[PDB]
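A short worksheet on the structure shown next.
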Amino acid sequence: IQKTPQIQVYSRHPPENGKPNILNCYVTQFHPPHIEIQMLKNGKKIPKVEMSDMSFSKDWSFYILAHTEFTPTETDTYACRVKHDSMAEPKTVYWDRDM
Amino acid sequence: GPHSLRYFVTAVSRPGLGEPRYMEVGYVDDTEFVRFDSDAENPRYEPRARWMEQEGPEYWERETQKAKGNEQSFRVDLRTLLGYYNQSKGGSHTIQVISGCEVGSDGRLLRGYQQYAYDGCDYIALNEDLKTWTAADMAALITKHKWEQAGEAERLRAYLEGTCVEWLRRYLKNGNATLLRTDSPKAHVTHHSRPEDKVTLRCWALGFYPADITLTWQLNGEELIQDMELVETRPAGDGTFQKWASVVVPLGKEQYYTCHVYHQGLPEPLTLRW
Amino acid sequence: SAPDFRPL
Ligand SMILES: *[C@@H]1O[C@H](CO[C@@H]2O[C@@H](C)[C@@H](O)[C@@H](O)[C@@H]2O)[C@@H](O)[C@H](O)[C@H]1NC(C)=O
Ligand SMILES: *[C@@H]1O[C@H](CO)[C@@H](O)[C@H](O)[C@H]1NC(C)=O
């Protein structure tokens, strides 16, 4: 079992510049379990990040959540960079406010 | 309605980097309430949900001790599996186990279960009868026999019917305010142009609880299930969940499609177009 | 309370 992770980046509430929200990075469907997840703000590692909701599905692939409080700006960008055996180089997914 | 107590246990060997990493994450329904990660400086059982504060110091001590014992047992298991499978001591391996029980709204046992997996594949599992085990390969058969001579099935069944069922009730009692609530879904639709006079219609459902929800697209009152793209319902880090489902349509024919959202918190299914 | 696991 060598399954590549699916990285999904989203916020809890619809973004409104200035008002607090939460940015989530859900890494799912991956195996083996060893993984490296990092949340970035303007290309910089976000400090106090929270890892939660660790679980697995019926096919045994792993699911883990990365989240942190954040207040969006019309210009700040956020991204989630993940490292896993199934990939040569780290994969980074960017937060799309307009999805 | 029905509720469940589940535990996700993972044990991973990391040759040349020390002891295997051990974890225990517990959930009551779609809510994580307990956790243990041997990778903490000082490994200890910690509460993940607010309501678990109603448990005294002795709870955390016993769970921590039990957890550490569990960690040792798996360290041994990883060692055993190498022999069962005749594998090298230099490679990394993963053991996974999901154990739980579910009760009806009346609090009585609906079903219990425990399934193991080695390196991503089925290993051994307790049958619904809770009396016997079923093995995926010859390796797990050795285990099956062992546990049979030790009466493991009988022991695990006592846990499922008693311990598991009784602790679940308590947890639901203590966190009633959180575990029995219902956050209603807030929905909206986004529009995205595509090459060749076709637009993408994405339907979003936000901040709902519990996790179970249904999103469908329609045209002429019929569901386009097979032509939709969607993500698995996901946690938003605040105890609520979200989900989106999309469909590609002809430019100028958007108003023809409607999004339908059914949830335990929606007396009547939501309906919206673009 | 999680179950008490024993070697396989
Ligand atoms: C939740 O239940 C409350 C009753 O208290 C419950 O029982 C005591 C002994 C403790 O276990 C406590 O943690 C439990 O909550 C009700 O008074 C309260 O209204 C309920 N909340 C709602 C409305 O869901
Ligand atoms: C285990 O694999 C080794 C080679 O890697 C082989 O010599 C040995 O026979 C295998 N174990 C058995 C007895 O099947």
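Protein chains in written order, with the deposited numbering: chain B, 1 to 99; chain A, 1 to 274; chain P, 1 to 8. All residues carry an ideal CB built from backbone N, CA and C; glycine is no exception.
Contact residues within the segment 7-41 of chain B, judged by C-beta distance below 9 Å to chain A: 8, 10, 11, 12, 13, 14, 22, 23, 24, 26, 28, 29, 31, 32, 33, 34
Test item, CB below 6 Å from any non-hydrogen atom of ligand 1: A:54, A:173, A:174, A:176, A:177, A:180
Best match in A:75, A:40, A:116 for proximity to residue 8 of chain A [C-alpha to C-alpha]: Of the candidates A:75, A:40, A:116, the one whose C-alpha sits nearest the C-alpha of residue 8 of chain A is A:116.
Sequence-distant residues of its chain with Cβ nearer than 7 Å to residue 32 of chain B (five each side left out): Excluding sequence neighbours, residue 32 of chain B sits near 85.
Please find out if some non-hydrogen atom of ligand 2 comes closer than 7 Å to the beta-carbon of residue 24 of chain B. no
Does ligand 2 have a heavy atom nearer than 7 Å to the CB of residue 86 of chain A? yes
Please confirm if the segment 189-198 of chain A is in contact with the segment 213-227 of chain A, defined as three or more CB-CB distances below 8 Å between the two stretches. At 8 Å Cβ cutoff, the stretches do not touch.
As a quick exercise: from A:232, A:176, A:219, A:48, pick the residue whose alpha carbon is nearest that of residue 257 of chain A. A:219
Determine which residues share a DSSP beta bridge with residue 9 of chain A and list them. A:24, A:97
Proximal residues to residue 80 of chain A (C-beta, below 7 Å), its chain only, five neighbours per side dropped: none
Please go through the same chain and pick out, in chain order, the residues whose beta-carbon is closer than 8 Å to the beta-carbon of residue 44 of chain A, but skip the five residues on each side of it. 36, 60, 64
At what residues does the beta strand (DSSP E) containing residue 86 of chain A begin and finish? Counting along the chain, residue 86 of chain A falls outside any beta strand (DSSP E), and DSSP gives it neither H nor E.
Cβ pair residue 121 of chain A, residue 189 of chain A closer than 8 Å: no
Closer than 6 Å by C-beta to residue 67 of chain B: which residues in its own chain qualify, once you throw out the five before and the five after it? Chain order, please. 22, 24, 50
Measuring CA to CA, which of B:35, B:62, B:15, B:64 is closest to residue 88 of chain B? B:35
Three-pair Cβ contact test at 8 Å for the segment 139-153 of chain A versus the segment 98-108 of chain A: Contact check between the segment 139-153 of chain A and the segment 98-108 of chain A: fewer than three CB pairs, one atom from each, fall below 8 Å, which does not count as touching.
Closer than 8 Å to chain B by CB, residue 12 of chain A: yes
Under a Cβ-count criterion, where at least 16 other Cβ atoms within 10 Å of its own Cβ denotes burial, should residue 225 of chain A be classed as buried or exposed? exposed
Interface partners of residue 26 of chain A on chain P, CB under 8 Å: 2
DSSP beta-bridge partners of residue 27 of chain B: B:7, B:64
Separation of residue 38 of chain A from residue 279 of chain A, as counted between CA atoms: With chain A represented from 1 up to 274, any question about residue 279 of chain A goes unanswered, as that position is not in the structure.
So, at 6 Å on beta carbons, what are the nonlocal neighbours of residue 71 of chain B in its own chain, with the 5 sequence-adjacent residues on each side left out? 20
If the criterion is Cβ atoms closer than 8 Å, does the pair residue 29 of chain A and residue 266 of chain A meet it? no
One question on the structure: do residue 30 of chain B and residue 52 of chain B come within less than 8 Å of each other, judged by their Cβ atoms? Between residue 30 of chain B and residue 52 of chain B, the CB-CB gap reaches or exceeds 8 Å.
So, under 8 Å CB-CB, residue 130 of chain A and residue 155 of chain A are touching, yes? Tell me the CB distance rounded to an integer number of Å. That belief does not hold up - the Cβ atoms of residue 130 of chain A and residue 155 of chain A are roughly 11 Å apart, past 8 Å.
Leaving aside the five residues before and after residue 187 of chain A along the sequence, list all residues of the same chain whose C-beta is less than 8 Å from its C-beta, in chain order. 203, 204, 205, 206, 259, 261, 270, 272
In whole angstroms, give me the CA-to-CA distance for residue 17 of chain A and residue 94 of chain B. 32 Å
Neighbour list for residue 8 of chain A in chain B, Cβ cutoff strictly below 9 Å: Residues of chain B passing the Cβ test: 54, 55, 56.
Once DSSP output is grouped into helix, strand and coil, what is the label at residue 165 of chain A? helix
Inter-residue spacing [alpha-carbon to alpha-carbon] between residue 173 of chain A and residue 239 of chain A: 18 Å
Tell me, which residues are paired with residue 135 of chain A by DSSP? Paired residues: A:124.
Residue nearest to residue 236 of chain A in terms of C-alpha spacing, selected from B:4, B:2, B:14, B:3: B:14
What is the rounded straight-line gap between the Cα of residue 230 of chain A and the Cα of residue 191 of chain A? 15 Å
Throw me the rounded Cβ distance for the residue 77 of chain A and residue 7 of chain P pair, which I believe falls under 8 Å. Sure, about 6 Å apart at Cβ, within 8 Å.
What do you reckon, are the CB atoms on residue 92 of chain B and residue 42 of chain B nearer than 8 Å? no
Which residues mark the beginning and the end of the beta strand (DSSP E) in which residue 159 of chain A is found? Careful: residue 159 of chain A lies outside any beta strand (DSSP E), inside the alpha helix (DSSP H) at 152-159.
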